Structures are given as C-alpha cells and as structure tokens.
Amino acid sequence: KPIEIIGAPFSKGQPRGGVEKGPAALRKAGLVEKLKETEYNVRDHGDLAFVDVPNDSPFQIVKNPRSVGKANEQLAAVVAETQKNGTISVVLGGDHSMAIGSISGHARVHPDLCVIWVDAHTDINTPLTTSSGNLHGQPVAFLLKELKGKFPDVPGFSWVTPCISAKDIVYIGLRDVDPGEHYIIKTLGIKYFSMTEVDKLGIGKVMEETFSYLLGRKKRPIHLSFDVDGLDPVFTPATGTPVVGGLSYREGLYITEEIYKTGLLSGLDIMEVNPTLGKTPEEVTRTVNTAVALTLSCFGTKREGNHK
C-alpha cells in the first residue's frame, strides 16, 4: 500500500492567507523524506493549482463560496483518483474547508468510511447558523446526509453530495462549540469526546471507545481529519483559531499511533497550519514539527521505537 501527498495551499475558507503556506512549510520540515524512511512507499502529487473566482460575492453571509466550492471540487477529483489507485491520500492544508473535497472524493471510492475529526471545533455550522461566514467552520455541514436540505444551495457546491451519515463520525478535542453546532450534534446524535470526555476517561479509553463505536460492527476505511488547533496552543501555536485547554502533544501522538495500529487509515488531513502566525520563529517551528510528527505517527513511527 502506497502513500500520496496532495498539497492543498488554500485559505479562502477563512480571513488569514498564511495557511496557503502550510503545505510548503511542512515540506520544508522534511515531511516527504521522513515519510520515505517509514515502511510505506511515498508519492508526492505536489500542490493543487487552485483556480480563483474573481466575481465571488458572499452567498448571504457565506464568504468566497465559489472559490471554495471550486477548489474542493478539484481536490475531490484528485483524492478519488488516488483512492481509486489503492493509495492512502495525505492532504496537507490550508484551512479546514478543504476537508469537504478531501472526504467527498474519498467517500466516492470507500462510501463505507468513517471519520475521526480531531479539532477544538465541530466545524458543523451551516450557511444559516454560522455567524462569521468562514467556510472552514462549515465543512462537516456540507458532508452530512442528515443535514442535506437544512440550508439553501450555495453557489460553487452543486457537485457536493452528502454521502456520510452522522453515525459514521467521532469528534475528539472539542472545547469551542457554537450554539447551533451543539444543537446539531445533539439532535443528530453525533458521537464526540470533548475535552471533558478526554479528562474523564483518559486518551487511552477514548481511542478504545471511538474504535468500538466506529469499527464495532465491521472494520472499514478510516479518514482522519486532524485540525492542528486540536492540540493546545502550547504545542500548535501557529493556527488562526487557538483555544486553551486542548489535547497535549502526547495525547495527539497517541491518537495517531492508535489509528496507525488499526491498519485502517485510508485518508488523512493535516489542517490549519499557518506558518505566518507565530509569535516567535520558534512557535512556527514548534507547530510545523508537531504536525510532521503526527503525520509520521499515522504511518508507523512509534514512541517505543522501530526497526526493520
């Protein structure tokens, strides 16, 4: 089984443009080289050439709808094509709005996949509940079967088909959820482990519980959408929406080590790394290196060591 890195230098899912540099900063930290030292064969697609839409007025409150919807249609066609060739897609972001295209394309080939969304946010606001309009806080909304028809058709997303149900996803890290989002997860009954559940159970029992909940009936492809701001700002400071009291460095590596060991990882997203959001140069380095470490962990590297 081979790996396929797909760079997604996109930022129109939020205000700050530095995220577009996430793919390159991750590559400069030696990501591909290090991944080639693991047990997998690594292929590097390169970065996607995102087509900008000049005339892109806000859809009501939704901003850059057409630029975002197009950028994701491209990504979805590339992930599906790589998934079609039996390779594990590894998407390096921009903003988390790229998960729409990452998961959509993936679910075309493995419609039975489940989603492990690591984030301090649920990113499940719809065009009608969002208060900012930033589409990086709405991906989950465009992906859920149950939320289909709950908001008006957004320009640029006609190609989108909600093919993943609320029972196929688990959240880990939540600590900053909007009122509408909380209402949505409770009504639809989306499984989650906010920081409260992590403190209550411990990361160990948390992973055991998300696997039994998602892989209890039958084993299936796993799509991990890791938002760097899932970890505490002390570890991943270079992100546009840091929330205090998050997952630790250790807890993050635990999550990935466990997903690795399942043997089911099929798709992976490393989102929201913004190399221009460091208070100090070292804060950017600390963030990048942590993202690279989490990515490697997903593909073999264990803290107990490794050997051939």
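One-based numbering along the sequence shown.
*Asks:* I need to verify one thing: averaged over C-alpha atoms only, is the B-factor higher for 218 to 226 or for 115 to 123?
*Replies:* Looking at the recorded C-alpha B-factors, 218 to 226 comes out higher on average.
*Asks:* Got a sec? Mean C-alpha B-factor, which is higher, 125 to 133 or 193 to 201?
*Replies:* Averaging CA B-factors over each stretch, the winner is 125 to 133.
*Asks:* Quick one: which of 81, 176, 73, 232 shows the highest Cα temperature factor in the PDB entry?
*Replies:* Checking the PDB record, the top C-alpha B-factor among 81, 176, 73, 232 is at 81.
*Asks:* Would you mind finding, among 272, 251, 47, 257, the residue with the largest C-alpha temperature factor in the entry?
*Replies:* Checking the PDB record, the top C-alpha B-factor among 272, 251, 47, 257 is at 47.
*Asks:* Taking only the Cα B-factors deposited for this chain, tell me whether residue 305 sits in the lowest, middle or highest third.
*Replies:* Lowest third.
*Asks:* Ranking the modelled residues of this chain by C-alpha B-factor as given in the entry, is residue 53 in the lowest, middle or highest third?
*Replies:* Highest third of the chain for residue 53's C-alpha B-factor.
*Asks:* By the record's CA B-factor, is residue 145 among the lowest, middle or highest third of residues in the chain?
*Replies:* Middle third, going by the recorded CA B-factors of the chain.
*Asks:* If you rank every modelled residue in this chain by C-alpha B factor, which third holds residue 102: lowest, middle or highest?
*Replies:* Answer is middle: the recorded C-alpha B-factor places it there.
*Asks:* Should residue 181 be placed in the lowest, middle or highest third of its chain by the C-alpha B factor in the entry?
*Replies:* Lowest third of the chain for residue 181's C-alpha B-factor.
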